[PDB]
Structure formats: structure tokens, C-alpha cells
Ligand SMILES: Nc1ncnc2c1ncn2[C@@H]1O[C@H](COP(=O)(O)OP(=O)(O)OC[C@H]2O[C@H](O)[C@H](O)[C@@H]2O)[C@@H](O)[C@H]1O
């Protein structure tokens with residue numbers, strides 16, 4: 001654990017190193033593409049551990065609801081992962097020509113992820129540095145946008161959610177999260 005920040009009474013933000021495929025939390029957020037096709041990065045690790053259940057429920061979801069748009073999130077079965085569900089958030093693909101829009105869409109992915117958690121009555125959620133890998137979002141802007149989006153969501157005391165974790169395997173990204181929490185709070 002790298003930091004702990006009370007967001008509201010009985011609600012904490014925790015930055016931690018760890019593996020989203022195996023955390024003692026209720027649900028996790030995947031950094032997905034629009035097709036819910038988990039063939040790279042975090043998505044691939046999750047899907048591998050999950051067995052084909054997760055990709056198949058995801059195919060049926062696209063084959064039912066249609067392609068997801070950037071900024072949106074949906075939920076699927078988790079298969080063999082230690083969760084009932086995986087929340088798939090589609091971060092934006094970074095363009096330096098549209099940086100404000102990109103920030104908007106990541107904020108949105110984050111907030112919709114939180115809304116889905118609330119809706120399925122979850123009290124703990126873990127979230128990665130959505131968009132900061134293959135999708136190319138500048139790591140610094142990326143982790144501040146996520147932390148700020150989480151800060152806005154609890155500008156009011158009220159929440160099902162009691163613990164929100166920001167998690168990555170790599171320590172640089174985790175440090176980046178811990179710094180963003182300093183700067184933002
Ligand atoms: N094998 C891995 N295991 C755990 N974490 C990983 C792994 N690979 C990358 N990560 C971390 O997860 C975070 C998100 O990176 P990506 O998974 O590349 O997410 P985005 O950048 O949101 O990429 C979305 C796209 O990538 C995949 O191809 C996915 O199917 C979609 O097309 C980054 O911190 C990255 O270092």
C-alpha cells in the first residue's frame with residue numbers, strides 16, 4: 001500500500017501495487033477496447049486467468065448491445081477470476097490534437113465504472129491506469145485524470161462504495177498514482 005485518503009466518511013482511496021486478476025476486492029475494472037476483445041495488455045492477462053467464459057460473455061454482449069464507445073463501460077461475467085463480474089471500461093486512444101476530449105472520455109470511463117459498481121452493490125472496486133498502455137495516454141495526465149474523476153464523484157458525503165483501489169503491477173505506475181493523489185488532494 002502506497003497511500004490512503006479518506007474521500008468521505010467510511011470511503012477510502014487506496015493506491016497499491018498488485019495483480020488485478022487476483023485481489024481481495026468485490027469487482028475490478030478492465031482497460032478494454034471497443035470490441036471487448038481482450039487480446040493485449042491487462043485485458044489479456046485477465047482473460048487468460050478467466051477462461052473463455054469471459055470473452056464469450058463479452059462477444060455475446062457486443063453481438064447484443066453493439067460495439068462500445070470510448071468513455072463507456074459495461075459489465076461481463078468474470079469466469080474463473082475471483083469475482084462475479086469484470087467492469088470493462090473503454091478508455092480513449094490518446095490524440096495530442098484532442099487532449100481535452102481525451103481527458104473527458106477517461107473521466108467518463110472512470111465515473112461509469114463507479115456507477116456500475118454502485119448499481120451491482122459492490123463495496124470494493126480496483127481500477128488500473130486505463131488508457132496509459134497501448135492507447136498511449138500520457139502517464140502523468142492519465143493518473144491525475146483518474147484520481148480527479150474519483151475525487152469529483154465524492155464532492156458529496158452521502159455511497160455503497162467504501163474502498164476504491166488504484167492498482168498496477170509496475171511500481172512506476174503505482175508511484176505515478178501516489179503522486180497524483182498528493183497533487184490532487
Ligand atoms: N500483462 C499485464 N499484466 C498486468 N498489467 C499490465 C499488463 N500489460 C500492461 N499492463 C498495465 O495495465 C495498464 C493499462 O494498459 P493497457 O492494458 O495497454 O490499457 P490501454 O492502455 O487502456 O489499452 C487498451 C487496449 O490494450 C489491450 O490491447 C486491450 O485489449 C485494448 O485493445 C498499464 O499500466 C499497463 O502497464
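Here are the numbers:
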item: Test: residue in region 120-135 that is surrounded by fewer than 23 Cβ atoms within 10 Å (Cβ to Cβ), within 16 Å of the ligand (Cβ to nearest atom) and farther than 20 Å from residue 21 by Cα; result: yes
item: First in region 38-57 and on the phi > 0 side of the Ramachandran plot, second anywhere and surrounded by fewer than 23 Cβ atoms within 10 Å (Cβ to Cβ), Cβ under 7 Å, 6 or more apart; result: 41/133; 41/134; 51/79; 51/80
item: Pick from region 13-28, criterion part of a strand (DSSP E or B) and under 16 Å from residue 118 (Cβ atoms), ranking: nearest to the ligand (Cβ to nearest atom); result: 28
item: Residue 174 being farther than 27 Å from residue 52 by Cβ, in a helix (DSSP H, G or I), within 16 Å of the ligand (Cβ to nearest atom) and out of contact with any strand residue (DSSP E or B) (no Cβ under 6 Å at 6 or more places or on another chain); result: no
item: Single condition residue 66 does not satisfy, out of (1) over 15 Å from the mean Cα position of the chain (by Cα); (2) within 13 Å of the ligand (Cβ to nearest atom); result: (2)
item: Test: residue in region 58-71 that is outside any loop (DSSP other than H, G, I, E, B) and touching a helix residue (DSSP H, G or I) at 6+ places or on another chain (Cβ under 6 Å); result: no
item: Top-ranked residue of region 88-101 - restricted to ones that are under 23 Å from residue 44 (Cβ atoms) and out of contact with any strand residue (DSSP E or B) (no Cβ under 7 Å at 6 or more places or on another chain), ranked as surrounded by the most Cβ atoms within 10 Å (Cβ to Cβ); result: 92
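Positions of Cβ are generated from backbone atoms using ideal geometry, with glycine treated the same way; all protein chains shown enter the neighbour counts. Rule-based calculations on the coordinates, nothing more; no lab input.
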